[PDB]
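One file, target.tsv, carrying TSV, C-alpha atoms:
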chain	number	residue	atom	x	y	z
L	1856	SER	CA	0.00	0.00	0.00
L	1857	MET	CA	1.19	3.66	0.33
L	1858	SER	CA	4.79	3.74	1.65
L	1859	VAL	CA	4.62	-0.10	2.14
L	1860	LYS	CA	6.47	-2.13	-0.44
L	1861	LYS	CA	7.75	-5.68	-0.93
L	1862	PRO	CA	11.51	-5.88	-1.53
L	1863	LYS	CA	12.44	-4.68	-5.13
L	1864	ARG	CA	12.89	-7.64	-7.57
L	1865	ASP	CA	15.65	-6.89	-10.10
L	1866	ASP	CA	13.80	-6.50	-13.43
L	1867	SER	CA	16.66	-4.97	-15.42
L	1868	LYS	CA	17.41	-8.20	-17.44
L	1869	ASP	CA	13.76	-9.10	-18.20
L	1870	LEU	CA	13.76	-7.45	-21.67
L	1871	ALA	CA	16.83	-9.32	-22.73
L	1872	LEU	CA	15.68	-12.60	-21.27
L	1873	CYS	CA	12.18	-12.35	-23.00
L	1874	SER	CA	14.08	-11.69	-26.29
L	1875	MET	CA	16.13	-14.83	-25.79
L	1876	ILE	CA	13.04	-16.96	-25.13
L	1877	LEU	CA	11.35	-15.49	-28.17
L	1878	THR	CA	14.48	-16.33	-30.29
L	1879	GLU	CA	14.27	-19.89	-29.08
L	1880	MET	CA	10.54	-20.05	-29.99
L	1881	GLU	CA	11.25	-18.49	-33.45
L	1882	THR	CA	13.89	-21.11	-34.26
L	1883	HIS	CA	11.95	-24.17	-33.10
L	1884	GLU	CA	11.09	-26.46	-35.99
L	1885	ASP	CA	7.38	-26.40	-35.16
L	1886	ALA	CA	7.17	-22.53	-35.08
L	1887	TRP	CA	6.12	-22.27	-38.81
L	1888	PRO	CA	2.36	-21.86	-38.15
L	1889	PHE	CA	3.11	-18.91	-35.77
L	1890	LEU	CA	5.93	-16.93	-37.42
L	1891	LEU	CA	3.71	-14.47	-39.32
L	1892	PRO	CA	0.18	-13.10	-39.02
L	1893	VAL	CA	-2.59	-15.35	-40.41
L	1894	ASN	CA	-3.61	-13.89	-43.81
L	1895	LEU	CA	-7.11	-12.61	-43.07
L	1896	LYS	CA	-7.92	-12.27	-46.77
L	1897	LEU	CA	-6.99	-15.88	-47.52
L	1898	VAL	CA	-8.20	-17.83	-44.53
L	1899	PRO	CA	-11.99	-18.06	-44.30
L	1900	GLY	CA	-13.46	-17.69	-40.82
L	1901	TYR	CA	-10.27	-16.33	-39.16
L	1902	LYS	CA	-11.13	-12.67	-39.09
L	1903	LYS	CA	-14.61	-13.21	-37.55
L	1904	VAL	CA	-13.74	-15.99	-35.18
L	1905	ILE	CA	-10.35	-14.86	-33.69
L	1906	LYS	CA	-11.00	-11.58	-32.01
L	1907	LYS	CA	-7.30	-10.91	-31.16
L	1908	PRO	CA	-4.84	-12.37	-33.68
L	1909	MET	CA	-1.26	-12.72	-32.42
L	1910	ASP	CA	1.94	-14.17	-33.92
L	1911	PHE	CA	5.70	-14.29	-33.15
L	1912	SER	CA	6.66	-11.45	-35.60
L	1913	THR	CA	4.07	-9.14	-33.98
L	1914	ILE	CA	5.36	-10.03	-30.49
L	1915	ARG	CA	8.91	-9.38	-31.68
L	1916	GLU	CA	7.99	-5.89	-33.03
L	1917	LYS	CA	6.07	-5.03	-29.79
L	1918	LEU	CA	9.06	-6.22	-27.69
L	1919	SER	CA	11.60	-4.24	-29.75
L	1920	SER	CA	9.54	-0.99	-29.56
L	1921	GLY	CA	8.76	-0.94	-25.81
L	1922	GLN	CA	5.17	-1.91	-26.02
L	1923	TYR	CA	5.33	-4.52	-23.20
L	1924	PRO	CA	5.14	-2.76	-19.83
L	1925	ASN	CA	6.20	-5.89	-17.93
L	1926	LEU	CA	7.00	-9.63	-18.38
L	1927	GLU	CA	3.32	-10.64	-17.65
L	1928	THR	CA	1.96	-8.71	-20.65
L	1929	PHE	CA	4.68	-10.50	-22.79
L	1930	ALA	CA	3.51	-13.97	-21.52
L	1931	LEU	CA	-0.13	-13.06	-22.19
L	1932	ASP	CA	0.60	-12.42	-25.93
L	1933	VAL	CA	2.65	-15.63	-26.25
L	1934	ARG	CA	-0.17	-17.67	-24.66
L	1935	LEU	CA	-2.73	-15.85	-26.92
L	1936	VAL	CA	-0.84	-17.30	-29.93
L	1937	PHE	CA	-1.54	-20.86	-28.58
L	1938	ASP	CA	-5.05	-20.17	-27.39
L	1939	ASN	CA	-5.95	-18.86	-30.86
L	1940	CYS	CA	-4.41	-21.94	-32.40
L	1941	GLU	CA	-6.55	-24.25	-30.19
L	1942	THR	CA	-9.67	-22.22	-31.06
L	1943	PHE	CA	-9.22	-22.68	-34.81
L	1944	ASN	CA	-7.45	-26.02	-35.25
L	1945	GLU	CA	-8.30	-29.61	-34.37
L	1946	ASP	CA	-5.90	-31.23	-31.77
L	1947	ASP	CA	-5.35	-34.02	-34.34
L	1948	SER	CA	-3.85	-31.85	-37.14
L	1949	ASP	CA	-0.28	-30.79	-37.84
L	1950	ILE	CA	-0.98	-27.19	-36.73
L	1951	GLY	CA	-2.99	-28.34	-33.69
L	1952	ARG	CA	-0.05	-30.56	-32.52
L	1953	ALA	CA	2.44	-27.71	-33.31
L	1954	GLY	CA	0.56	-25.43	-30.91
L	1955	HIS	CA	0.53	-27.91	-28.05
L	1956	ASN	CA	4.21	-28.58	-28.49
L	1957	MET	CA	5.18	-24.89	-28.66
L	1958	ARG	CA	3.07	-24.05	-25.61
L	1959	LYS	CA	4.90	-26.74	-23.60
L	1960	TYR	CA	8.25	-25.53	-24.84
L	1961	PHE	CA	7.41	-21.96	-23.85
L	1962	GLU	CA	6.04	-22.81	-20.39
L	1963	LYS	CA	9.20	-24.68	-19.42
L	1964	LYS	CA	11.52	-21.88	-20.55
L	1965	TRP	CA	9.31	-19.40	-18.70
L	1966	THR	CA	9.40	-21.34	-15.38
L	1967	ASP	CA	13.13	-22.05	-15.68
L	1968	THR	CA	14.02	-18.43	-16.46
L	1969	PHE	CA	11.74	-16.56	-14.02
L	1970	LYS	CA	10.23	-18.98	-11.29

Would you write the structure of this file as structure tokens?
Amino acid sequence: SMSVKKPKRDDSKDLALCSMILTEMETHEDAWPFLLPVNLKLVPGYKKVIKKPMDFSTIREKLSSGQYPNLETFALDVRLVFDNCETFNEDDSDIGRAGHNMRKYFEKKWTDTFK
């Protein structure tokens, strides 16, 4: 509350560490469905169904331009990529399996780096 604070966590490396995670996600072999925005002219249903599209290139540009105020807003956008994927794709499809695998990969790196 006012004049009552928990001890200050060192957050000075967060930006760099989120960038490293994102690099590791970008270079994973199953990242291909997520690298670029879904083409809303060429994929029927996507525009109407997915209210907040997100992809790795869009996260990278937000990260590089100071549009994440803290590491929780960064994690929210990553998870949104996988939540969108589950909304639109069957579990038993290449893209559906890609999203489950990438989500797992991300969640481990996140825990290991920050928890």

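Residues lying within 12 Å of residue 1883 of chain L, counting all atoms listed in the file and ignoring same-chain neighbours fewer than 2 positions away, are residues 1876, 1877, 1878, 1879, 1880, 1881, 1885, 1886, 1887, 1888, 1889, 1890, 1911, 1953, 1954, 1956, 1957, 1958, 1960 and 1961 of chain L.
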
Measuring atom to atom with only C-alpha atoms, identify which of L:1856, L:1922, L:1882, L:1874 is nearest to residue 1965 of chain L.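 Counting only C-alpha atoms, the residue closest to residue 1965 of chain L is L:1874.
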
Expressed in Å to a single decimal, how great is the separation between atom CA of residue 1873 of chain L and atom CA of residue 1959 of chain L?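 Computed distance, atom CA of residue 1873 of chain L to atom CA of residue 1959 of chain L, equals 16.1 Å.
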
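When the distance limit is 12 Å and all atoms listed in the file are what count, the residues near residue 1867 of chain L, minus those fewer than 5 positions from it on the same chain, are residues 1872, 1873, 1925 and 1926 of chain L.
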
Enter the distance from atom CA of residue 1908 of chain L to atom CA of residue 1951 of chain L, in Å, rounded to one decimal.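 Calculated distance between atom CA of residue 1908 of chain L and atom CA of residue 1951 of chain L is 16.1 Å.
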
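Put simply, atom CA of residue 1943 of chain L is 13.0 Å away from atom CA of residue 1955 of chain L.
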
Selection: 12 Å around residue 1900 of chain L, all atoms listed in the file, excl. self and same-chain fewer than 5 positions, as a PDB file with C-alpha atoms, in the coordinates of the input:
ATOM      1  CA  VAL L1893      -2.590 -15.350 -40.410  1.00  0.00           C
ATOM      2  CA  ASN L1894      -3.610 -13.890 -43.810  1.00  0.00           C
ATOM      3  CA  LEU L1895      -7.110 -12.610 -43.070  1.00  0.00           C
ATOM      4  CA  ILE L1905     -10.350 -14.860 -33.690  1.00  0.00           C
ATOM      5  CA  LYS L1906     -11.000 -11.580 -32.010  1.00  0.00           C
ATOM      6  CA  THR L1942      -9.670 -22.220 -31.060  1.00  0.00           C
ATOM      7  CA  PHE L1943      -9.220 -22.680 -34.810  1.00  0.00           C
ATOM      8  CA  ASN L1944      -7.450 -26.020 -35.250  1.00  0.00           C
TER       9      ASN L1944
END

When distances are computed from all atoms listed in the file, which of L:1924, L:1892, L:1948, L:1930 shows the smallest separation from residue 1866 of chain L?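 Between L:1924, L:1892, L:1948, L:1930, the residue approaching residue 1866 of chain L most closely is L:1924.
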